[PDB]
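Undergrad: Provide a 3D model corresponding to the input given below.
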Amino acid sequence: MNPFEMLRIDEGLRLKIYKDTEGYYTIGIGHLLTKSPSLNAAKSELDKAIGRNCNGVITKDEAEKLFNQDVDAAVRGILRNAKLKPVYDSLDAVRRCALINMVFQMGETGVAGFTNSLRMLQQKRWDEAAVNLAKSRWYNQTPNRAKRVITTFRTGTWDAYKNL
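TA: Numbering: from 1, shown residues only. Pasting the structure now:
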């Protein structure tokens, strides 16, 4: 595994402009393009973003790159986050990876709301923490994806996604 494949599985990949749950134009792995109703504008923002005559559709790699700039942006925020910063620093590279997964999935705000759970991770209390996170509304909401993320944390390996 690697982080793109992680999200590939979790968020899914989209190579053609789409609308999300909130109506927003998006593309690749959750890459929101714009908030205005206009396809016209997304199209344009994309072309731009990607750098050529895409026309509402990109490549796989073209997407990875977008995906790369977004992980980058997420990390950056994490480090500017005071609740998130310390946790993130405590984490070995791969679990850092799970934390981006979550953030990606629920925003920085939502993530930092798992008080006890973060403390647990920070402390490097890998099992209890596993246990704990299985209690949340997160786990009921999106079970599969929650389970995978949790194993990542438990173990600090790509066990849950590698055969996938």
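
Undergrad: which helix or which strand is home to residue 61?
TA: Take DSSP states H and E as the rule and residue 61 turns out to sit in helix 60-80.

Undergrad: list the helices and strands that helix packs on?
TA: Using 3 or more C-beta pairs under 8 Å, 6 or more residues apart in numbering; DSSP states H and E, the elements in contact with helix 60-80 are helix 3-10, strand 25-28, strand 31-34, helix 84-90, helix 93-111. Any C-beta I mention is one placed from the backbone N, CA and C, and that applies to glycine too.

Undergrad: now with 10 Å, please.
TA: If contacts are counted by 3 or more C-beta pairs under 10 Å, 6 or more residues apart in numbering; DSSP states H and E, helix 60-80 sits against helix 3-10, strand 14-19, strand 25-28, strand 31-34, helix 84-90, helix 93-111.

Undergrad: what sits up against that helix?
TA: Helix 60-80 is contacted from outside by 3-4, 7-8, 11, 13-15, 27-33, 46, 49-52, 54, 58-59, 84-85, 87-89, 96-97, 99-101, 103-104, 107-108, 111-112, using C-beta atoms under 10 Å, 6 or more residues apart in numbering.

Undergrad: picking that back up, deepest-packed of the helices and strands packed on helix 60-80, please.
TA: Greatest average neighbour count among those goes to strand 25-28 (a mean of 24), per mean count of other C-beta atoms under 10 Å.

Undergrad: what about the residue nearest to residue 100 when sequence neighbours are not counted, how many residues nearby?
TA: Nearest non-adjacent residue to residue 100, counting by C-beta to C-beta, 6 or more residues apart in numbering: residue 74, 5.2 Å away. Around residue 74 there are 17 other residues, counting by other C-beta atoms under 10 Å.

Undergrad: re earlier: so how far is the helix holding residue 61 from its chain's centroid?
TA: Centroid separation for helix 60-80 versus its chain: 9 Å, with C-alpha atoms, centre = their mean, to the nearest Å.

Undergrad: what are the buried residues along that helix?
TA: Applying a neighbour-count criterion of 16 or more other C-beta atoms under 10 Å, one finds 62-64, 66-67, 70-71, 74, 78 buried in helix 60-80.

Undergrad: any chance of JSON lines for the residues you listed, columns distance to residue 159?
TA: Formatted as JSON lines, the buried residues of helix 60-80 follow (distance: C-beta to C-beta, whole Å):
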{"residue": "62", "distance to residue 159": "30"}
{"residue": "63", "distance to residue 159": "25"}
{"residue": "64", "distance to residue 159": "23"}
{"residue": "66", "distance to residue 159": "27"}
{"residue": "67", "distance to residue 159": "22"}
{"residue": "70", "distance to residue 159": "25"}
{"residue": "71", "distance to residue 159": "21"}
{"residue": "74", "distance to residue 159": "23"}
{"residue": "78", "distance to residue 159": "24"}
